[PDB]
Amino acid sequence: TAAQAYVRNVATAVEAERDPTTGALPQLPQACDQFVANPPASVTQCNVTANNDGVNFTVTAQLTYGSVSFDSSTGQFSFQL
């Protein structure tokens, strides 16, 4: 639950960096800690990547199930096991 919360909060923080004039995303990819400091102990590695549509992004955290993702293009979490 901490890891999922962190992922969603990173996604909020990335969305908050969208250019207010053009709607363009910040420069990606980046470590999640460039958006939200102090990931939980359950998160091993976390990154944010730009989706091919040039508008949306995906936040992915590897845990040590395997990883949890959030895709702004769907507004949904995905979990990989």
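Per the deposited numbering, the sequence shown runs over residues 40 to 103, 107 to 123.
The C-beta atom is built at its ideal place from N, Cα and C for all residues, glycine as well.
When you compare each of the options to residue i by their alpha carbons, which one comes out closest?
i, options, result
"residue 99", "112, 108 and 91", "112"
"residue 116", "78, 81, 94 and 65", "94"
"residue 103", "122, 80, 88 and 49", "80"
"residue 71", "63, 40 and 45", "45"
"residue 51", "97, 91 and 122", "97"
Hey, how far is the Cα of residue i from the Cα of residue j?
i, j, result
"residue 75", "residue 107", "23 Å"
"residue 66", "residue 77", "21 Å"
"residue 22", "residue 86", "In the structure as shown, the chain starts at 40 and stops at 123, and residue 22 therefore has no counterpart that could be examined."
Check the C-beta distance from residue i over to residue j and give it rounded, since I have them as a contact under 8 Å.
i, j, result
"residue 101", "residue 118", "Going by Cβ atoms, the distance from residue 101 to residue 118 rounds to 19 Å, so no, they are not a contact pair."
Mind checking residue i: buried by the 16 CB within 10 Å criterion, or exposed?
i, result
"residue 55", "exposed"
"residue 114", "buried"
"residue 42", "buried"
With DSSP run on the structure shown, which of helix, strand or coil describes residue i?
i, result
"residue 51", "helix"
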